[PDB]
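So this first bit is one chain, no partners, the form deposited without this ligand, shown in structure tokens.
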């Protein structure tokens, strides 16, 4: 092959990912997985500092070559579990991810499957969106983590909006703050009911049309809503305000990435350097 393998980075949703070096000396992430070939190639001209760079597409099996980053946010949260990620670093990462999402969404690209282990970090303080769930959206063929899935997806919405990524990022924000997953369900209905028990069972008042969702059942239990002071306790009122807007049930009420960037929570945002053990 044109690539000397270094290690298997892991198993994505679409296939294996390897750390490999180009035999240019470049160290890359090599993901293994037409007419979609045209769409995927468009993404390569679209670049943003908070999106992992797609270097090459090769159909011969489908291969995607990405820039390599040494650690993901899931590993960093685990490493930081005794102390917690410092709030200025949580704030910088959230701000950067919202910048990345605002870029994607302005180009009508959804991520669809945001989770800590798809968020890649470097020693310089950057964080970048990786492992986009774009196969289905492009028509590409061939245990799932549901913890970050928006409620309209779980209720069988046929068309996703950009709001699904804001929901996921809100769940990630909460987990960075509390050091524990916000909604750790193990089935679609367990995920849904974990959301309902915390945020209240949605009705037509807070979510017009929810009772017409394909998978909505009138026999859903009716749980009342808790208080965000209980949900992410340490977080100040600016962060709790922003989080509540990223977790609105109604996708139309849920804050956009660009509006979130103007939220007062980010008035004092900085770019700290993380302590990384590689």
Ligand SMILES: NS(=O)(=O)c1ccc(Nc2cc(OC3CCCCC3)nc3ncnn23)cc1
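Just so we're on the same page, rigid core means the largest C-alpha set that superposes within 1.5 Å between forms. Numbering follows the first chain given and starts at 1.
The protein also exists as the form solved in complex with this ligand; that form is not presented, and the subsequent description refers to it.
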Within 4.5 Å of this ligand in the deposited complex, all of 29, 52 and 120 (non-hydrogen atom): yes
Residue 257 within 4.5 Å of this ligand in the deposited complex, heavy atoms: no
This ligand contact at residue 9 in the deposited complex, heavy atom, 4.5 Å: yes
This ligand contact in the deposited complex: residue 178, any heavy atom under 4.5 Å: no
Heavy atom of residue 197 within 4.5 Å of this ligand in the deposited complex: no
Identity of the moved residue from 40, 232, 51, 243, C-alpha shift 2 angstroms or more, core fit between this form and the one not shown: 40
Core fit, then residue 189 C-alpha moves 2 Å or more between this form and the one not shown: no
Displaced residue check between this form and the one not shown: residue 151, CA, 2 Å or over, core reference: no
Yes/no, residue 133 Cα shift of 2 Å or more between this form and the one not shown with rigid core fixed: yes
In the deposited complex, whether the C-alpha atoms of residue 151 and residue 133 sit closer or farther than here (change of 3 Å or more): farther
Change in CA distance between residue 133 and residue 198 in the deposited complex, which is 3 Å or more, as closer or farther: farther
